[PDB]
Amino acid sequence: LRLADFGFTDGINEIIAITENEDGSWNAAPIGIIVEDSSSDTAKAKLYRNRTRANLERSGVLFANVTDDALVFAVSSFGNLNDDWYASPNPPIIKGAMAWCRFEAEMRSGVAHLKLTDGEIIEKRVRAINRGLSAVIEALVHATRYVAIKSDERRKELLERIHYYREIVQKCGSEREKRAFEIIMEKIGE
Amino acid sequence: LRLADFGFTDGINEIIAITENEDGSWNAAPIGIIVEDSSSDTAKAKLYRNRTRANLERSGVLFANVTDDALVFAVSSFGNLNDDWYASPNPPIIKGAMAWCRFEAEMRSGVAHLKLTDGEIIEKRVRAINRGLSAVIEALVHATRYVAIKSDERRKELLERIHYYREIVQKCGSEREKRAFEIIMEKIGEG
Ligand SMILES: Cc1cc2nc3c(=O)[nH]c(=O)nc-3n(C[C@H](O)[C@H](O)[C@H](O)COP(=O)(O)O)c2cc1C
């Protein structure tokens with residue numbers, strides 16, 4: 001199998017990582033899958049102390065959903081998705097996803113070493129470049145840092161970045177990106 | 001026709017605007033097409049005094065190519081594509097474009113009032129979100145401004161943003177985004 005056949009390129013691919021909880025329910029969270037060669041079946045992801053890492057340590061199985069849905073990224077950055085977000089429970093396939101794939105994973109020093117074993121394209125799409133989508137994704141990077149730090153000066157700097165990206169989403173984004181951004185603002189206490 | 005059927009959403013859609021020069025050749029430049037209702041056939045673009053605007057004043061015809069190709073954006077940001085970038089000379093499709101559209105355009109003091117009249121979906125695709133692609137697009141916004149202005153304080157601000165986005169492209173982008181960023185650095189005098 002080739003990573004490129006499921007929407008991955010070399011570089012870092014921001015996807016929704018779906019992993020099985022101990023009770024059999026799914027956990028969904030954004031992660032960046034790092035790819036050196038998209039013609040290959042190997043990749044990796046460096047994971048923080050979160051449910052994704054805890055599940056992969058136990059199960060060694062990671063599903064990925066390839067999606068450009070700002071809302072799914074915003075919600076899953078701050079909490080789990082509910083069953084209502086899924087079009088399919090097995091394999092797990094969030095509504096609106098363009099593709100899914102399955103990786104076997106081996107954790108070493110906080111890095112999930114991945115081997116692609118299955119997947120399918122669900123829906124190819126066309127969308128013009130949208131800076132509002134870019135802005136939601138960047139804001140998520142800063143907001144997730146913002147909530148993890150106590151420094152008032154560092155937080156001030158991050159909030160300025162978040163406001164900068166908010167102006168872009170308000171000007172450029174579709175209603176879906178604007179909705180996603182309001183989730184970010186709510187979650188961080190703004 | 002409906003804008004949504006050719007890849008446009010409400011908001012601003014960054015596309016490649018292709019317009020006819022005085023000599024019949026094509027001019028290509030990134031432009032944002034502003035959409036209030038993607039179910040409709042109407043849109044707008046706000047244009048500075050550039051070749052796209054001058055060409056629309058003469059012809060009232062705007063072709064749009066919907067593409068996610070970082071290299072097409074970077075090259076067209078700083079000049080014309082010429083003739084090797086096109087899969088079709090008429091209607092102008094750029095190689096790799098996902099869709100093309102044709103708009104009638106009425107210029108009203110820098111605002112192009114657009115009506116969608118023709119178009120085709122060429123190729124639907126799938127690509128995971130990539131922050132390197134985001135960063136190329138942001139850097140192009142700042143770099144096209146940088147090269148057009150003389151303010152020292154403003155150029156200083158813009159160069160800082162460009163350097164910030166460069167780091168994101170190096171970390172996250174594919175080789176295609178990296179190649180696109182190399183064009184930016186060359187064009188701003190940091191090659
Ligand atoms: C993503 C992006 C969007 C842009 N949108 C616009 C726009 O909507 N209106 C405008 O006047 N310039 C816009 N620009 C700047 C022009 O593309 C740039 O100045 C170019 O040199 C104009 O070329 P032309 O003289 O061939 O029209 C945009 C640039 C980027 C990279």
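These numbers come from the heavy atoms of this one structure, side chains and all, not from hydrogens, waters or symmetry mates. Numbers restart at 1 for each chain; the letters A, B, ... are given by sequence-line order, proteins then strands. Remember, it's 1-based here, ligands and their atoms both numbered in the order they're listed.
- Nearest protein heavy-atom neighbour of atom 21 (O) of ligand 1: B:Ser77 O, 3.3 Å.
- With a 4.0 Å cut-off on non-hydrogen atoms, B:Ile31 touches ligand 1 through its backbone as well as its side chain.
- Nearest non-hydrogen protein atom to atom 19 (O) of ligand 1 is B:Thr144 CB, 4.4 Å.
- Close contacts of ligand 1 with B:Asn27, meaning ligand atoms under 4.0 Å from a residue heavy atom, involve 24 (P), 26 (O), 27 (O).
- Annotation: B:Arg161, atom CZ; neighbour count of heavy atoms from other residues, nucleotides and ligands within 6.0 Å is above 12.
- Only the backbone of B:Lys46 comes within 4.0 Å of ligand 1, judged by heavy-atom distances.
- Of all protein heavy atoms, the one lying nearest to atom 8 (O) of ligand 1 is B:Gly32 N, 3.0 Å.
- Considering both main-chain and side-chain atoms, B:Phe73 never comes within under 3.5 Å of ligand 1 through any nitrogen or oxygen pair.
- At distances below 3.5 Å, not a single donor-acceptor pair connects side-chain atoms of A:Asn27 with backbone N or O atoms of A:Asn80.
- Between the side chain of B:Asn130 and the main chain of B:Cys172, a donor-acceptor pair closer than 3.5 Å is present.
- The closest side-chain heavy-atom distance from A:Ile168 to B:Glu138 is below 4.5 Å.
- The ligand atoms of ligand 1 that sit less than 4.0 angstrom from a heavy atom of B:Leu140 are 31 (C).
- In summary, the atoms of ligand 1 found under 4.0 Å from a heavy atom of B:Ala29, numbered by their order in the structure, are 22 (C), 23 (O), 24 (P), 26 (O), 27 (O).
- Which parts of ligand 1 touch B:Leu47 is read off a 4.0 Å heavy-atom cut-off, strictly below it: atoms 9 (N), 11 (O).
- The line from CG of A:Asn50 to CG of A:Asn55 is 9.0 Å long, rounded to the nearest 0.5 Å.
- Using a 4.5 Å cut-off on side-chain heavy atoms (C-beta onward), B:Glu182 and B:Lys178 make no contact.
- Annotation for ligand 1: atoms under 4.0 Å from non-hydrogen atoms of B:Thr52 are 27 (O).
- Taking the side chain as every heavy atom from C-beta outward, B:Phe73 and B:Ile16 approach each other to under 4.5 Å.
- Inclusion of B:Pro30 in the set of residues having an N or O under 3.5 Å from an N or O of ligand 1 is warranted.
- Here atom 24 (P) of ligand 1 lies nearest to B:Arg51 when heavy atoms of B:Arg51, B:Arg145, B:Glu138, B:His142 are compared.
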Checklist entry - Taking it one step at a time, do A:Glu104 and A:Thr117 satisfy side-chain hydrogen bond (donor to acceptor under 3.5 Å, both in side chains)? => result CA-CA 7 Å; A:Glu104 295 180 351; A:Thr117 69; 4.6 Å; no
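- The local environment of NZ in B:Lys124 is sparse, with at most 12 non-hydrogen atoms from other residues, nucleotides or ligands closer than 6.0 Å.
- Nearest-heavy-atom check against atom 2 (C) of ligand 1 across B:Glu14, A:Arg131, B:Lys44 picks out B:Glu14.
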